[PDB]
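So the protein lines, in turn, are chains B and A. Position 40, counted from 1, in the first sequence is what the authors' numbering calls 40; the numbers after and before it change by one each time, with no gaps. Position 23, counted from 1, in the second sequence is what the authors' numbering calls 23; the numbers after and before it change by one each time, with no gaps. From the three backbone atoms N, C-alpha and C, an ideal C-beta is built for every residue, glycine too. Reading through the structure tokens given below for one structure.
Protein chains: 2
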Amino acid sequence: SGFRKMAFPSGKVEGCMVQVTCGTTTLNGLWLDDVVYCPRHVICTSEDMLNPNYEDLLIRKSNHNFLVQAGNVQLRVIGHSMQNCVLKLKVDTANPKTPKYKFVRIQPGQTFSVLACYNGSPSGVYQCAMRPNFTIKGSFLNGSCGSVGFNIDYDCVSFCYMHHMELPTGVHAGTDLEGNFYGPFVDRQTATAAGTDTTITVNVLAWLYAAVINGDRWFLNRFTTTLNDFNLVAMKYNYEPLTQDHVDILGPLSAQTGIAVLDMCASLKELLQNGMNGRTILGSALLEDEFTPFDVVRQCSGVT
Amino acid sequence: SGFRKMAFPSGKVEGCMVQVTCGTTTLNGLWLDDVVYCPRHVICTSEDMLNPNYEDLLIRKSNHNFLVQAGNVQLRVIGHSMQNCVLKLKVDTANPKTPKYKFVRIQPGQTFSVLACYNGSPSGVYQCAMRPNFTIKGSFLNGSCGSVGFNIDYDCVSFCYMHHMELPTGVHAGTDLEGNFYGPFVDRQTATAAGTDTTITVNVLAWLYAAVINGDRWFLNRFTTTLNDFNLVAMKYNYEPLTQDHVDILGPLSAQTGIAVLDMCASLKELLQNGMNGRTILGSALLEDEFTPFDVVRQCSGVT
Numbered sequence: 001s002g003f004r005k006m007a008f009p010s011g012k013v014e015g016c017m018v019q020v021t022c023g024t025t026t027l028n029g030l031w032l033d034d035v036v037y038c039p040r041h042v043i044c045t046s047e048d049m050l051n052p053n054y055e056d057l058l059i060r061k062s063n064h065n066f067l068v069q070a071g072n073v074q075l076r077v078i079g080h081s082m083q084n085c086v087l088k089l090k091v092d093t094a095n096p097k098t099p100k101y102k103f104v105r106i107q108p109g110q111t112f113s114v115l116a117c118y119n120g121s122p123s124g125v126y127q128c129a130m131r132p133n134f135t136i137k138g139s140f141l142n143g144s145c146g147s148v149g150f151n152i153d154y155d156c157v158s159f160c161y162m163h164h165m166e167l168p169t170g171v172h173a174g175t176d177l178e179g180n181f182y183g184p185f186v187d188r189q190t191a192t193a194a195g196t197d198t199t200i201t202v203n204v205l206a207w208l209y210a211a212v213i214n215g216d217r218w219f220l221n222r223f224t225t226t227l228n229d230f231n232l233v234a235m236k237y238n239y240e241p242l243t244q245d246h247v248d249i250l251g252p253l254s255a256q257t258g259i260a261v262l263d264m265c266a267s268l269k270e271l272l273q274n275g276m277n278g279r280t281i282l283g284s285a286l287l288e289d290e291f292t293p294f295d296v297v298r299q300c301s302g303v304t
Numbered sequence: 001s002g003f004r005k006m007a008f009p010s011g012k013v014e015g016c017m018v019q020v021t022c023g024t025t026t027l028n029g030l031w032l033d034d035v036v037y038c039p040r041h042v043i044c045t046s047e048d049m050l051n052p053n054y055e056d057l058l059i060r061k062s063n064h065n066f067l068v069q070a071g072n073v074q075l076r077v078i079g080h081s082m083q084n085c086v087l088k089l090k091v092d093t094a095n096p097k098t099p100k101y102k103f104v105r106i107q108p109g110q111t112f113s114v115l116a117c118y119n120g121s122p123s124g125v126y127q128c129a130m131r132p133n134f135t136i137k138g139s140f141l142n143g144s145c146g147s148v149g150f151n152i153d154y155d156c157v158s159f160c161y162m163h164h165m166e167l168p169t170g171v172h173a174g175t176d177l178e179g180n181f182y183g184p185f186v187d188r189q190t191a192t193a194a195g196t197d198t199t200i201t202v203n204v205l206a207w208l209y210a211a212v213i214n215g216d217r218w219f220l221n222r223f224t225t226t227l228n229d230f231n232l233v234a235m236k237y238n239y240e241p242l243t244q245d246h247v248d249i250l251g252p253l254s255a256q257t258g259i260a261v262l263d264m265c266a267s268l269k270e271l272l273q274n275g276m277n278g279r280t281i282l283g284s285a286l287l288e289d290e291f292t293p294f295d296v297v298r299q300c301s302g303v304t
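Written out as structure tokens, the structure reads:
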């Protein structure tokens, strides 16, 4: 028993993190096969980050202006292309610790582990959710850029995120591994604010099921509700509307625990209307929305 | 900026996790050099566990009754000793991915990352604090035993925990890597209860400093207090008494932020007496005590 915000093992990813340096600016890169991927703002100086012209900046760069380094060993760059907001540096050595991988684009509400690095070296690993407003709330500082987010299905590493910037609200923005940003953000320092951050709801439900599986039942009630009467309430508290697809997704957990999804929705309705009244759920005093149904089922049934 | 409960990279440890099977019972083991360490209750059946005599149980066991396996590859056991609550199985192959390591015994309030495994295979990694009452609150299920807790100092892996059991209160107990339990617990299924757990006050303070460093100041006040007047209040809310040694430890964070420890103590006093009144701190609605001062300084200054 017990339930914790657990992240995927980071070993396979550690083997791929290298350091990329262009002039003065240094950041992390991902080394898969004989290709190194990294945030393109590597080529910027601090001076022109206000609104850099990356096409013009790249024209004046050559292979040798990029210093890629796998720990102690130097990597020779033998080609470089800009793909959206990422650089693809071809190196002359294939990473032999390159795992089976895929590049994926996740949806808001889905989760992944981030391996935060500095100078191509691991710092630590934590779990994130891609927020409805297409930001994430992690821990990054300078040098963090090029740190990747990912999931693991047995042998295969699904890379879904590469870190690029932090918004003035204290939240973070990045791209997929094809260099396409999540949300309306761009790799330049303008006053781009984030949109309203809403609560994922289905995830809160999954987490309430996790709570039941691990011995918390105080929040359960004899009440039930309709999707419509639930959603009328949920919207008031800045929650994503719950759809029939969401209900379908919550099926396995509902069946496992023998608590109907609409009964659990009723409990969440009571929780939102009246608060927790001093009590806690799995050691939290507010409703957690960064656990997917698959996350809960994974942890609770000990998947490797 | 931003502050998450980050967990150390698990790669070096992953390389050491093997599967150990004795008869029907299977659990995880740690393979360092040519030695495999694992919880001794591996030799028990289901019945045995009520109150096993391990000396008597070990009489009928031989090298060949232990099936050690590093993923797909089989390990030949060529010797086995019982050292406290752990078995030391000597195998005929030295783990070539054996990192620089130490075995350490942690103190209550100190933290470490746990790599939860099943059938010698990684599941995930999360951070823990050794509680004042010598338990931890993690995620373990059957087959998790032999999962290890650890810290990393550059090249060196400091193994400090190996998982053994879950108490009826839903909390977890284990040993160090010499097989000596943390707290008064034993590897048998009797009603041996844990002591009342208190809150690690110094850690809560460190975490409030983390909050300040990452842009939360709403909880700061024009009040200050004495250690004595603080502790009178802290005792009421089941908090560890704060000592001058604790104050000394909080020096660097106090100096960095320019907020006296006793001013921060006053803020914690207000927080405890009046609650957070709808606001949050680093995305939590109750006071976190599983971050050490060293944890905060590490994360905030991007140590690898």
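| Item | Value |
| --- | --- |
| Helix, strand or coil, according to DSSP, for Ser113(A) in the structure here? | strand |
| Does any residue of chain A bring its CB to less than 8 Å from the CB of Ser10(B)? | yes |
| Can you tell me whether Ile213(B) sits near the ligand GDP, meaning its C-beta is under 7 Å from at least one heavy atom of the ligand? | This structure lacks the ligand GDP; in fact it carries no ligand of any kind. |
| Using a Cβ-Cβ distance cut-off of 8 Å, determine whether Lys137(A) contacts chain B. | yes |
| For a cutoff of 8 Å on Cβ pairs, would you count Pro122(A) as touching chain D? | Going by chain labels, chain D is absent from the structure shown, which instead holds the protein chains B and A. |
| Should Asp295(B) go down as buried or exposed, given a rule of 16 or more other Cβ atoms within 10 Å for buried? | buried |
| Is there a Cβ of chain A sitting closer than 8 Å to that of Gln299(B), yes or no? | yes |
| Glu14(B) and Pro122(A): beta carbons closer than 8 Å? | no |
| Given a limit of 9 Å on CB to CB distance, which residues of the segment 156-180 of chain B reach chain A? | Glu166, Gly170, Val171, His172 |
| Who are the neighbours of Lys5(A) on chain B, taking C-beta pairs under 8 Å? | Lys5, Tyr126 |
| When you compare each of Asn238(B), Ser254(B), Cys300(B) to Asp289(B) by their alpha carbons, which one comes out closest? | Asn238(B) |
| Quick one: list the residues of chain A neighbouring residue 342(B), beta-carbon separation under 8 Å, in chain order. | This structure cannot speak to residue 342(B), because chain B is shown only from 1 to 304. |
| Taking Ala70(B) as the reference, give the member of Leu115(B), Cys44(B), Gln19(B) with the closest Cα. | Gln19(B) |
| Mind pulling the chain A residues with CB within less than 8 Å of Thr280(B)? | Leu286 |
| When the Cα atoms are used, what is the spatial distance from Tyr118(B) to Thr24(B)? | 15 Å |
| How long is the line joining the alpha carbons of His163(B) and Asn221(B), rounded to whole angstroms? | 42 Å |
| Starting from the Cα of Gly149(A), find the closest Cα among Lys61(A), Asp176(A), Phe181(A), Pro96(A) and give me that residue. | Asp176(A) |
| Go through its chain and collect everything with a Cβ distance to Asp34(A)'s Cβ below 8 Å, but skip five positions before and after it. | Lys90, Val91, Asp92, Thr93, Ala94, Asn95 |
| For a contact meaning CB atoms closer than 8 Å, what does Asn119(A) contact in chain B? | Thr304 |
| Nearest to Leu271(A) by CA position, among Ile213(A), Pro184(A), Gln127(A), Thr201(A), is which residue? | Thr201(A) |
| Please report the residue range of the beta strand (DSSP E) in which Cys160(B) lies. | 156-166 |
| Please check the pair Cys44(A) and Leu57(A), which I expect to be a contact at CB under 8 Å, by giving their CB distance rounded to whole angstroms. | 7 Å |
| At a Cβ threshold of 8 Å, is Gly183(A) touching chain B? | no |
| Hey, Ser147(B) and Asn28(B) are a contact pair by Cβ (cut 8 Å); roughly how many whole angstroms apart? | 6 Å |
| Does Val13(B) come out as helix, strand or coil in the three-state DSSP assignment? | helix |
| Examine chain A for any beta-carbon lying closer than 8 Å to the beta-carbon of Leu220(B), and answer yes or no. | no |
| Would you kindly work out how many angstroms separate the C-alpha atoms of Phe140(A) and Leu50(B), rounded to a whole number? | 49 Å |
| Using the beta-carbon of each residue, which ones in chain A are nearer than 8 Å to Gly2(B)? | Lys137, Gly138, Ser139, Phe140, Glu166, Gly170, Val171, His172 |
| Determine the DSSP secondary structure at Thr190(A), reduced to helix, strand or coil. | coil |
| For the alpha helix (DSSP H) containing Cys38(A), list its first residue and its last residue. | Unbroken run through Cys38(A) is the beta strand (DSSP E), 35-39; no alpha helix (DSSP H). |
| Can you name the residues of chain B whose CB is closer than 9 Å to the CB of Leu115(A)? | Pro9 |
| So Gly143(B) contacts chain A; which residues on that side make the cut at Cβ distance below 7 Å? | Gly302 |
| Go to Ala173(A), then tell me how far its alpha helix (DSSP H) extends in each direction, as first and last residue. | Segment 172-175 is the beta strand (DSSP E) holding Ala173(A); no alpha helix (DSSP H) there. |
| So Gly215(B) contacts chain A; which residues on that side make the cut at Cβ distance below 8 Å? | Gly170 |
| I'd like to know if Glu240(B) contacts chain A, where contact means its C-beta is closer than 8 Å to some C-beta of that chain. | no |
| Does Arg76(A) pass the burial test, meaning 16 or more other C-beta atoms within 10 Å, or should it be called exposed? | exposed |
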